[PDB]
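Chemist: The structure follows.
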Amino acid sequence: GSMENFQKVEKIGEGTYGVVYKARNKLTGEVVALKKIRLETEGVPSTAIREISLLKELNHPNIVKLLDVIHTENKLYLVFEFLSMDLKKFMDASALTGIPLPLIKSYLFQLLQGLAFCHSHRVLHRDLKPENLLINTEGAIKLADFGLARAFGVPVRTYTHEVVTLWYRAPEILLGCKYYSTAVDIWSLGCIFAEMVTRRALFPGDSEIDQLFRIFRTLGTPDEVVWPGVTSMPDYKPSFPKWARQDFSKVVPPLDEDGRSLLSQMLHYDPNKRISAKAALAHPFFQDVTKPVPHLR
Amino acid sequence: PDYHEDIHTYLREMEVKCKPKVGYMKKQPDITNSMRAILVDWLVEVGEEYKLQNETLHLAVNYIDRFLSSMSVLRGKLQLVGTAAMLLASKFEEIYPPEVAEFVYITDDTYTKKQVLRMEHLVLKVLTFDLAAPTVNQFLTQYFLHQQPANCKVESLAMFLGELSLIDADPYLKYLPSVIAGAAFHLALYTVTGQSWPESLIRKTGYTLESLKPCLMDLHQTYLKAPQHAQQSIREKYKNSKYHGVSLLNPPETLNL
Ligand SMILES: Nc1ncnc2c1ncn2[C@@H]1O[C@H](COP(=O)(O)OP(=O)(O)OP(=O)(O)O)[C@@H](O)[C@H]1O
Ligand SMILES: [Mg+2]
């Protein structure tokens, strides 16, 4: 693979380094996404080093496929399979009518399959959100954007304290725990599950403290009963307001019993008790899952 | 809990795939095991100076041995390959990797910034960006979960012994990381507590003391002879309280195996 066989079509995003182009293989007809990464006199960005080495190990139907790395003097192109839309654009197009339940359930099932596979291959994603999930016309949804991902160890050590865009960021990151692990990706998926149902973000804070207080007002302020060791966490304050946990049926009102049960396990405070992606695949919420095509262009 | 078994299984598959060629030094016309030993010892000091993770060191040595399995290098360039490998491992593994200038600086200006950057690119091409390799370190930390109860000295001593195996391609290039970790864990356990490789790890790994014996016999000798080895940076490093001063523990005279 090389640049002469590709014909650029249009800009479809700009992460950094920075652009992503839709392009066409002239000899095979394959449509692809070209992520350009500009080569700072600091060499290859660590984000690209991780993104590429992790992607080369992850071959799964629900993880975006890295096809090739075009590798010249001043430029680095990543060639990906092209997908029509991101989940964030799809939810905007569904503004008024909403997203059919069978699609939501199909997408969650697939996201969980994708994530279980990541976690099984010792990879933390760390930036799950709607704009990083890609959908095609056949009804697939795929994890994309592995620029914040990392290979973890067993047991984990302390990793980067930043991590996860704020709205989707787990309480254990927000409370500054020295160790976090696969549970943080599940927390993000639970937020996205809620968001597919309501079509607005579950906890849209603008600062770390605002984000915590929104979580506390929805799920109750955690005590040592619900989350042993929480009151000793670095950024825990005994002055935190103590909100009652509200009727969980009020958090995402259209959800029925099985959906609520599943959502409650993904948003459990204690990362130890929080459901794994593997165990969630077997939740009764999925007893009747199918894979419909999206109902929209 | 979840994924511990899946991850172990996956690392056991990948370590076969990421393994350097056992013969490679005999195909290198200009460098030797002795030169490699010197380089690896220097990388330990670099790790000391910049306070890098142990995992970063094991990754770098893995990148070097894989690079040298397909690329002939002259002795004056071996250190450049080592510098780029350490830079890559740092970018992969560290929260705060040192900057490129810091890597140029510690080669005592043998090389330029442009050389280091060009070698980084070359090493990535040759490895085809396959950077997520299993190390002795990554097997050790899983094996540590099977202690009863956890013992900081056993852990530190196992890491020390795993690190010593990095220095000598003869014989260690012929053993898989999971096997070296098994030998280092047993030997540490035996040294500090008198206990043996636990049956719970036989269930997990499928390795017995019988199948670990060849590696363990080598490692035991390495341990006995460590104070007389020409490379001393690992012993110095493991005198620090960070590693519970384990390099000052006396090796056992015999193992019973
Ligand atoms: N394979 C693909 N097919 C179609 N669109 C894609 C693909 N990869 C990326 N995009 C589009 O480009 C956007 C940015 O790419 P990506 O998220 O991988 O990188 P990024 O650096 O995080 O960018 P951003 O921060 O803008 O999301 C995505 O949200 C998506 O809309
Ligand atoms: Mg993105």
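Residues are named by chain letter and number: chains run A, B, ... in the order of the structure tokens, numbers start at 1 in each chain, and ligands are numbered from 1 in the order shown.
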What's around residue 199 in chain A at 8 Å? Count only C-alpha atoms, leave out sequence neighbours fewer than 3 positions away in its own chain, and write the answer as a list in words.
Modeler: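 Surrounding residues, per the criterion: residues 91, 92, 95, 98, 194, 195 and 196 of chain A.
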Chemist: Show me a table, sorted first by chain and then by increasing residue number, of the residues of chain A having an atom at most 9 Å from ligand 1, each with its shortest atom pair and the distance in Å to one decimal, counting only C-alpha atoms and all ligand atoms and written as JSON lines.
Modeler:
```
{"residue": "A:11", "atom": "CA", "partner": "ligand 1", "partner_atom_place_in_ligand_line": "12 (O)", "distance": 8.5}
{"residue": "A:12", "atom": "CA", "partner": "ligand 1", "partner_atom_place_in_ligand_line": "11 (C)", "distance": 5.4}
{"residue": "A:13", "atom": "CA", "partner": "ligand 1", "partner_atom_place_in_ligand_line": "12 (O)", "distance": 3.7}
{"residue": "A:14", "atom": "CA", "partner": "ligand 1", "partner_atom_place_in_ligand_line": "26 (O)", "distance": 4.8}
{"residue": "A:15", "atom": "CA", "partner": "ligand 1", "partner_atom_place_in_ligand_line": "23 (O)", "distance": 2.7}
{"residue": "A:16", "atom": "CA", "partner": "ligand 1", "partner_atom_place_in_ligand_line": "21 (O)", "distance": 4.9}
{"residue": "A:17", "atom": "CA", "partner": "ligand 1", "partner_atom_place_in_ligand_line": "21 (O)", "distance": 7.8}
{"residue": "A:18", "atom": "CA", "partner": "ligand 1", "partner_atom_place_in_ligand_line": "21 (O)", "distance": 6.7}
{"residue": "A:19", "atom": "CA", "partner": "ligand 1", "partner_atom_place_in_ligand_line": "14 (C)", "distance": 7.8}
{"residue": "A:20", "atom": "CA", "partner": "ligand 1", "partner_atom_place_in_ligand_line": "12 (O)", "distance": 5.6}
{"residue": "A:21", "atom": "CA", "partner": "ligand 1", "partner_atom_place_in_ligand_line": "6 (C)", "distance": 8.1}
{"residue": "A:22", "atom": "CA", "partner": "ligand 1", "partner_atom_place_in_ligand_line": "4 (C)", "distance": 7.1}
{"residue": "A:32", "atom": "CA", "partner": "ligand 1", "partner_atom_place_in_ligand_line": "1 (N)", "distance": 6.8}
{"residue": "A:33", "atom": "CA", "partner": "ligand 1", "partner_atom_place_in_ligand_line": "1 (N)", "distance": 4.9}
{"residue": "A:34", "atom": "CA", "partner": "ligand 1", "partner_atom_place_in_ligand_line": "1 (N)", "distance": 7.8}
{"residue": "A:35", "atom": "CA", "partner": "ligand 1", "partner_atom_place_in_ligand_line": "8 (N)", "distance": 7.2}
{"residue": "A:64", "atom": "CA", "partner": "ligand 1", "partner_atom_place_in_ligand_line": "1 (N)", "distance": 6.3}
{"residue": "A:65", "atom": "CA", "partner": "ligand 1", "partner_atom_place_in_ligand_line": "1 (N)", "distance": 7.6}
{"residue": "A:66", "atom": "CA", "partner": "ligand 1", "partner_atom_place_in_ligand_line": "1 (N)", "distance": 8.3}
{"residue": "A:79", "atom": "CA", "partner": "ligand 1", "partner_atom_place_in_ligand_line": "1 (N)", "distance": 8.1}
{"residue": "A:80", "atom": "CA", "partner": "ligand 1", "partner_atom_place_in_ligand_line": "1 (N)", "distance": 4.9}
{"residue": "A:81", "atom": "CA", "partner": "ligand 1", "partner_atom_place_in_ligand_line": "1 (N)", "distance": 5.0}
{"residue": "A:82", "atom": "CA", "partner": "ligand 1", "partner_atom_place_in_ligand_line": "3 (N)", "distance": 3.8}
{"residue": "A:83", "atom": "CA", "partner": "ligand 1", "partner_atom_place_in_ligand_line": "3 (N)", "distance": 3.9}
{"residue": "A:84", "atom": "CA", "partner": "ligand 1", "partner_atom_place_in_ligand_line": "4 (C)", "distance": 5.7}
{"residue": "A:85", "atom": "CA", "partner": "ligand 1", "partner_atom_place_in_ligand_line": "4 (C)", "distance": 6.1}
{"residue": "A:86", "atom": "CA", "partner": "ligand 1", "partner_atom_place_in_ligand_line": "31 (O)", "distance": 5.0}
{"residue": "A:87", "atom": "CA", "partner": "ligand 1", "partner_atom_place_in_ligand_line": "31 (O)", "distance": 8.4}
{"residue": "A:88", "atom": "CA", "partner": "ligand 1", "partner_atom_place_in_ligand_line": "29 (O)", "distance": 8.2}
{"residue": "A:89", "atom": "CA", "partner": "ligand 1", "partner_atom_place_in_ligand_line": "31 (O)", "distance": 8.1}
{"residue": "A:127", "atom": "CA", "partner": "ligand 1", "partner_atom_place_in_ligand_line": "22 (O)", "distance": 8.6}
{"residue": "A:130", "atom": "CA", "partner": "ligand 1", "partner_atom_place_in_ligand_line": "29 (O)", "distance": 8.1}
{"residue": "A:131", "atom": "CA", "partner": "ligand 1", "partner_atom_place_in_ligand_line": "29 (O)", "distance": 4.4}
{"residue": "A:132", "atom": "CA", "partner": "ligand 1", "partner_atom_place_in_ligand_line": "17 (O)", "distance": 5.0}
{"residue": "A:133", "atom": "CA", "partner": "ligand 1", "partner_atom_place_in_ligand_line": "29 (O)", "distance": 7.4}
{"residue": "A:134", "atom": "CA", "partner": "ligand 1", "partner_atom_place_in_ligand_line": "4 (C)", "distance": 6.7}
{"residue": "A:135", "atom": "CA", "partner": "ligand 1", "partner_atom_place_in_ligand_line": "4 (C)", "distance": 8.3}
{"residue": "A:136", "atom": "CA", "partner": "ligand 1", "partner_atom_place_in_ligand_line": "3 (N)", "distance": 8.8}
{"residue": "A:144", "atom": "CA", "partner": "ligand 1", "partner_atom_place_in_ligand_line": "18 (O)", "distance": 5.8}
{"residue": "A:145", "atom": "CA", "partner": "ligand 1", "partner_atom_place_in_ligand_line": "18 (O)", "distance": 3.7}
{"residue": "A:146", "atom": "CA", "partner": "ligand 1", "partner_atom_place_in_ligand_line": "18 (O)", "distance": 7.0}
{"residue": "A:147", "atom": "CA", "partner": "ligand 1", "partner_atom_place_in_ligand_line": "22 (O)", "distance": 6.7}
{"residue": "A:148", "atom": "CA", "partner": "ligand 1", "partner_atom_place_in_ligand_line": "22 (O)", "distance": 8.4}
```
Chemist: Can you check which parts of chain B lie within 6 Å of chain A? Per residue, the shortest pair of atoms and distance in Å to one decimal, counting only C-alpha atoms, sorted by chain and number, as a Markdown table.
Modeler:
```
| residue | atom | partner | partner_atom | distance |
| --- | --- | --- | --- | --- |
| B:3 | CA | A:120 | CA | 5.4 |
| B:6 | CA | A:120 | CA | 5.5 |
| B:7 | CA | A:120 | CA | 5.5 |
| B:91 | CA | A:46 | CA | 4.9 |
| B:95 | CA | A:160 | CA | 5.6 |
| B:117 | CA | A:43 | CA | 5.7 |
| B:129 | CA | A:53 | CA | 5.4 |
| B:130 | CA | A:53 | CA | 5.2 |
| B:131 | CA | A:53 | CA | 5.6 |
| B:142 | CA | A:154 | CA | 5.7 |
```
Chemist: Which residues come within 9 Å of residue 247 in chain B, counting only C-alpha atoms, excluding same-chain residues fewer than 6 positions away, as a ChimeraX atom specification?
Modeler: /B:157,160,234-240
Chemist: Produce a file of the selected residues containing N, CA, C and O atoms, as an mmCIF file, in the first residue's frame.
Modeler:
```
data_model
loop_
_atom_site.group_PDB
_atom_site.id
_atom_site.type_symbol
_atom_site.label_atom_id
_atom_site.label_comp_id
_atom_site.auth_asym_id
_atom_site.auth_seq_id
_atom_site.Cartn_x
_atom_site.Cartn_y
_atom_site.Cartn_z
ATOM 1 N N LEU B 157 12.987 -9.332 44.892
ATOM 2 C CA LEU B 157 14.040 -10.268 44.531
ATOM 3 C C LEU B 157 13.715 -10.947 43.205
ATOM 4 O O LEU B 157 14.595 -11.119 42.364
ATOM 5 N N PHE B 160 14.567 -8.303 40.495
ATOM 6 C CA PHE B 160 16.033 -8.330 40.402
ATOM 7 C C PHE B 160 16.573 -9.500 39.563
ATOM 8 O O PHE B 160 17.396 -9.312 38.667
ATOM 9 N N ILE B 234 22.664 -3.387 37.766
ATOM 10 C CA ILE B 234 21.461 -3.997 38.354
ATOM 11 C C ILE B 234 21.630 -4.274 39.864
ATOM 12 O O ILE B 234 20.750 -3.922 40.657
ATOM 13 N N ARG B 235 22.763 -4.854 40.268
ATOM 14 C CA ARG B 235 23.042 -5.047 41.701
ATOM 15 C C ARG B 235 23.030 -3.743 42.496
ATOM 16 O O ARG B 235 22.464 -3.694 43.582
ATOM 17 N N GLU B 236 23.671 -2.708 41.957
ATOM 18 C CA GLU B 236 23.669 -1.369 42.554
ATOM 19 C C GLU B 236 22.243 -0.830 42.724
ATOM 20 O O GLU B 236 21.848 -0.435 43.820
ATOM 21 N N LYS B 237 21.487 -0.834 41.631
ATOM 22 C CA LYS B 237 20.082 -0.435 41.607
ATOM 23 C C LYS B 237 19.249 -1.114 42.707
ATOM 24 O O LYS B 237 18.476 -0.440 43.386
ATOM 25 N N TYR B 238 19.415 -2.432 42.875
ATOM 26 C CA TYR B 238 18.567 -3.205 43.785
ATOM 27 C C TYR B 238 19.072 -3.209 45.246
ATOM 28 O O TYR B 238 18.603 -4.011 46.075
ATOM 29 N N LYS B 239 20.021 -2.307 45.532
ATOM 30 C CA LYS B 239 20.446 -1.974 46.891
ATOM 31 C C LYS B 239 19.518 -0.920 47.495
ATOM 32 O O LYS B 239 19.462 -0.774 48.719
ATOM 33 N N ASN B 240 18.810 -0.177 46.641
ATOM 34 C CA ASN B 240 17.954 0.918 47.107
ATOM 35 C C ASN B 240 16.751 0.389 47.879
ATOM 36 O O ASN B 240 16.223 -0.685 47.564
#
```
Chemist: Run DSSP on the backbone and tell me which residues of range 55-186 of chain A come out as strand (DSSP E); list them as a ChimeraX atom specification.
Modeler: /A:66-71,75-81,85-86,123-124,133-135,141-143,150-151
Chemist: When distances are computed from only C-alpha atoms, which of A:287, A:246, A:94, A:239 shows the smallest separation from residue 259 in chain A?
Modeler: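 Smallest distance to residue 259 in chain A is found for A:287.
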Chemist: Find the residues around range 72-78 of chain B up to 8 Å (only C-alpha atoms counted), leave out those fewer than 3 positions away in its own chain, and share them as a list in words.
Modeler: residues 28, 29, 30, 31, 35, 39, 68, 81 and 82 of chain B
Chemist: Take the residues just selected and output them with N, CA and C atoms as an mmCIF file, in the first residue's frame.
Modeler:
```cif
data_model
loop_
_atom_site.group_PDB
_atom_site.id
_atom_site.type_symbol
_atom_site.label_atom_id
_atom_site.label_comp_id
_atom_site.auth_asym_id
_atom_site.auth_seq_id
_atom_site.Cartn_x
_atom_site.Cartn_y
_atom_site.Cartn_z
ATOM 1 N N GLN B 28 25.681 -11.829 13.613
ATOM 2 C CA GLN B 28 26.167 -10.458 13.669
ATOM 3 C C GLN B 28 27.676 -10.451 13.490
ATOM 4 N N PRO B 29 28.159 -9.852 12.389
ATOM 5 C CA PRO B 29 29.595 -9.934 12.116
ATOM 6 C C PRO B 29 30.441 -9.090 13.064
ATOM 7 N N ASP B 30 29.901 -7.987 13.570
ATOM 8 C CA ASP B 30 30.724 -7.007 14.288
ATOM 9 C C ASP B 30 30.460 -6.845 15.789
ATOM 10 N N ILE B 31 29.309 -7.323 16.275
ATOM 11 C CA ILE B 31 28.986 -7.246 17.697
ATOM 12 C C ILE B 31 28.897 -8.622 18.378
ATOM 13 N N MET B 35 29.301 -7.112 24.138
ATOM 14 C CA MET B 35 28.817 -5.771 23.769
ATOM 15 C C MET B 35 27.344 -5.535 24.094
ATOM 16 N N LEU B 39 25.695 -2.680 26.675
ATOM 17 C CA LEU B 39 24.532 -1.880 26.326
ATOM 18 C C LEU B 39 23.368 -2.044 27.305
ATOM 19 N N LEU B 68 17.892 -6.617 16.214
ATOM 20 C CA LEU B 68 19.138 -7.310 15.898
ATOM 21 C C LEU B 68 18.976 -8.702 15.296
ATOM 22 N N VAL B 81 21.007 2.280 18.396
ATOM 23 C CA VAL B 81 19.872 1.359 18.368
ATOM 24 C C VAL B 81 19.249 1.280 19.775
ATOM 25 N N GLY B 82 20.099 1.137 20.794
ATOM 26 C CA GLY B 82 19.680 1.121 22.190
ATOM 27 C C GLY B 82 18.987 2.391 22.659
#
```
Chemist: Write down as a PyMOL selection string the residues belonging to range 186-249 of chain B that are assigned alpha helix (DSSP H) by DSSP computed on the backbone.
Modeler: chain B and resi 186-193+199-205+209-225+233-237
Chemist: Tell me which protein, DNA and RNA residues are within 9 Å of residue 87 in chain B, counting only C-alpha atoms, leaving out same-chain ones fewer than 2 positions away, and put them as a list in words.
Modeler: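 Near neighbours after the sequence-gap exclusion: residues 60, 82, 83, 84, 85, 89, 90, 91, 92, 97, 98, 99, 100, 103, 116 and 120 of chain B.
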Chemist: What does the structure give for the distance between CA of residue 97 in chain A and CA of residue 10 in chain A, in Å to one decimal?
Modeler: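 About the pair CA of residue 97 in chain A and CA of residue 10 in chain A: they are 29.1 Å apart.
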Chemist: If you count only C-alpha atoms, which residues fall within 12 Å of range 191-199 of chain B, apart from same-chain ones fewer than 2 positions away, as JSON, numbers by chain?
Modeler: {"B": [143, 144, 145, 146, 147, 148, 149, 150, 151, 152, 153, 154, 155, 156, 157, 158, 161, 181, 182, 183, 184, 185, 186, 187, 188, 189, 201, 202, 203, 204, 205, 206, 207, 208, 209, 210, 211, 212, 213, 216, 220, 223, 224, 246, 247, 248, 249, 250, 251, 252, 253, 254, 255, 256, 257]}
Chemist: If you keep C-alpha atoms, can you produce a file of those selected residues as an mmCIF file, in the first residue's frame?
Modeler:
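After the write, result21.cif holds the following:
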```
data_model
loop_
_atom_site.group_PDB
_atom_site.id
_atom_site.type_symbol
_atom_site.label_atom_id
_atom_site.label_comp_id
_atom_site.auth_asym_id
_atom_site.auth_seq_id
_atom_site.Cartn_x
_atom_site.Cartn_y
_atom_site.Cartn_z
ATOM 1 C CA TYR B 143 2.551 -14.632 39.479
ATOM 2 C CA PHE B 144 2.893 -12.334 42.547
ATOM 3 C CA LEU B 145 -0.892 -12.620 42.999
ATOM 4 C CA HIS B 146 -0.391 -16.248 44.064
ATOM 5 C CA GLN B 147 1.671 -15.473 47.175
ATOM 6 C CA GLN B 148 0.337 -16.530 50.587
ATOM 7 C CA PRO B 149 0.678 -13.887 51.966
ATOM 8 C CA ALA B 150 2.238 -11.191 49.729
ATOM 9 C CA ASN B 151 5.932 -10.561 50.519
ATOM 10 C CA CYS B 152 7.635 -7.361 49.308
ATOM 11 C CA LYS B 153 11.087 -8.918 49.493
ATOM 12 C CA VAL B 154 9.992 -11.914 47.370
ATOM 13 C CA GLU B 155 8.538 -9.555 44.745
ATOM 14 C CA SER B 156 11.629 -7.308 44.679
ATOM 15 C CA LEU B 157 14.040 -10.268 44.531
ATOM 16 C CA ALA B 158 12.065 -11.869 41.701
ATOM 17 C CA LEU B 161 16.588 -11.890 39.113
ATOM 18 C CA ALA B 181 9.505 -15.314 35.351
ATOM 19 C CA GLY B 182 8.646 -18.798 36.675
ATOM 20 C CA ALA B 183 12.273 -19.499 37.540
ATOM 21 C CA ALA B 184 12.813 -16.024 39.057
ATOM 22 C CA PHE B 185 9.613 -16.259 41.150
ATOM 23 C CA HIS B 186 10.490 -19.734 42.512
ATOM 24 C CA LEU B 187 14.087 -18.768 43.232
ATOM 25 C CA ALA B 188 12.998 -15.569 45.026
ATOM 26 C CA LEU B 189 10.358 -17.453 46.992
ATOM 27 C CA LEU B 201 0.653 -21.581 39.497
ATOM 28 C CA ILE B 202 0.994 -25.091 38.105
ATOM 29 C CA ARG B 203 -2.778 -24.937 37.461
ATOM 30 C CA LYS B 204 -2.448 -21.482 35.834
ATOM 31 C CA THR B 205 0.706 -21.858 33.776
ATOM 32 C CA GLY B 206 1.020 -25.577 33.260
ATOM 33 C CA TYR B 207 4.675 -25.271 34.398
ATOM 34 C CA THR B 208 6.089 -27.572 37.104
ATOM 35 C CA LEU B 209 9.482 -27.363 38.846
ATOM 36 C CA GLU B 210 10.538 -30.132 36.444
ATOM 37 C CA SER B 211 9.808 -28.030 33.374
ATOM 38 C CA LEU B 212 11.305 -24.872 34.923
ATOM 39 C CA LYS B 213 14.516 -26.777 35.914
ATOM 40 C CA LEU B 216 16.272 -22.299 37.072
ATOM 41 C CA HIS B 220 20.746 -19.921 40.122
ATOM 42 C CA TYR B 223 22.543 -15.335 40.985
ATOM 43 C CA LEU B 224 25.573 -17.018 42.626
ATOM 44 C CA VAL B 246 17.248 -7.311 47.876
ATOM 45 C CA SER B 247 20.615 -7.408 46.103
ATOM 46 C CA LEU B 248 22.144 -7.771 49.563
ATOM 47 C CA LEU B 249 20.348 -11.050 50.318
ATOM 48 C CA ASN B 250 22.559 -14.136 50.166
ATOM 49 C CA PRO B 251 21.754 -16.613 47.394
ATOM 50 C CA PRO B 252 21.110 -20.229 48.532
ATOM 51 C CA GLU B 253 24.039 -22.591 47.928
ATOM 52 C CA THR B 254 21.833 -25.408 46.520
ATOM 53 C CA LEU B 255 18.245 -25.817 45.307
ATOM 54 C CA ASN B 256 17.524 -29.592 45.688
ATOM 55 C CA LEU B 257 16.725 -29.812 41.944
#
```
Chemist: Determine, counting only C-alpha atoms, which protein, DNA and RNA residues have an atom within 8 Å of an atom of range 264-268 of chain A; residues of the same chain fewer than 5 positions away are not included. Present the result as a list in words.
Modeler: residues 186, 187, 189, 190, 191, 248, 273, 274, 275 and 276 of chain A
Chemist: Those same residues, written as a short mmCIF file (atom, residue, chain, number, x, y, z; two decimals), in the first residue's frame with N, CA, C and O atoms?
Modeler:
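Now in result04.cif:
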```cif
data_model
loop_
_atom_site.label_atom_id
_atom_site.label_comp_id
_atom_site.auth_asym_id
_atom_site.auth_seq_id
_atom_site.Cartn_x
_atom_site.Cartn_y
_atom_site.Cartn_z
N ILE A 186 -16.38 0.79 31.19
CA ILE A 186 -17.78 0.42 31.45
C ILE A 186 -18.63 1.63 31.90
O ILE A 186 -19.76 1.82 31.44
N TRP A 187 -18.09 2.43 32.83
CA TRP A 187 -18.74 3.67 33.28
C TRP A 187 -19.07 4.52 32.06
O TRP A 187 -20.23 4.89 31.88
N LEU A 189 -19.46 3.58 28.94
CA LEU A 189 -20.53 2.90 28.15
C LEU A 189 -21.91 3.06 28.75
O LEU A 189 -22.90 3.16 28.02
N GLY A 190 -21.99 3.04 30.08
CA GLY A 190 -23.26 3.27 30.79
C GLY A 190 -23.81 4.67 30.52
O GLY A 190 -25.01 4.82 30.23
N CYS A 191 -22.94 5.67 30.60
CA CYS A 191 -23.28 7.04 30.17
C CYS A 191 -23.79 7.13 28.75
O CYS A 191 -24.70 7.91 28.49
N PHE A 248 -34.18 4.87 40.76
CA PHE A 248 -33.44 4.63 39.52
C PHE A 248 -34.33 4.63 38.24
O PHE A 248 -33.85 4.98 37.17
N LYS A 273 -17.39 -3.86 41.94
CA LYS A 273 -18.71 -4.42 41.77
C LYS A 273 -19.28 -4.04 40.42
O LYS A 273 -20.23 -4.67 39.96
N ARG A 274 -18.75 -2.99 39.80
CA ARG A 274 -19.26 -2.59 38.52
C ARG A 274 -19.17 -3.76 37.51
O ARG A 274 -18.15 -4.48 37.46
N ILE A 275 -20.24 -4.00 36.75
CA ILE A 275 -20.28 -5.14 35.83
C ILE A 275 -19.17 -5.11 34.76
O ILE A 275 -18.87 -4.06 34.22
N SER A 276 -18.59 -6.25 34.42
CA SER A 276 -17.62 -6.30 33.32
C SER A 276 -18.35 -6.39 31.97
O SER A 276 -19.53 -6.75 31.93
#
```
Chemist: Do you have the CA of residue 253 in chain A-CA of residue 193 in chain A distance handy?
Modeler: 12.8 Å
Chemist: At what distance in Å, to one decimal, does CA of residue 126 in chain A lie from CA of residue 218 in chain A?
Modeler: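 Separation between CA of residue 218 in chain A and CA of residue 126 in chain A: 22.7 Å.
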Chemist: So, counting only C-alpha atoms and all ligand atoms, which residue among A:252, A:226, A:170, A:143 is closest to ligand 2?
Modeler: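 The shortest atom-to-atom distance to ligand 2 comes from A:143.
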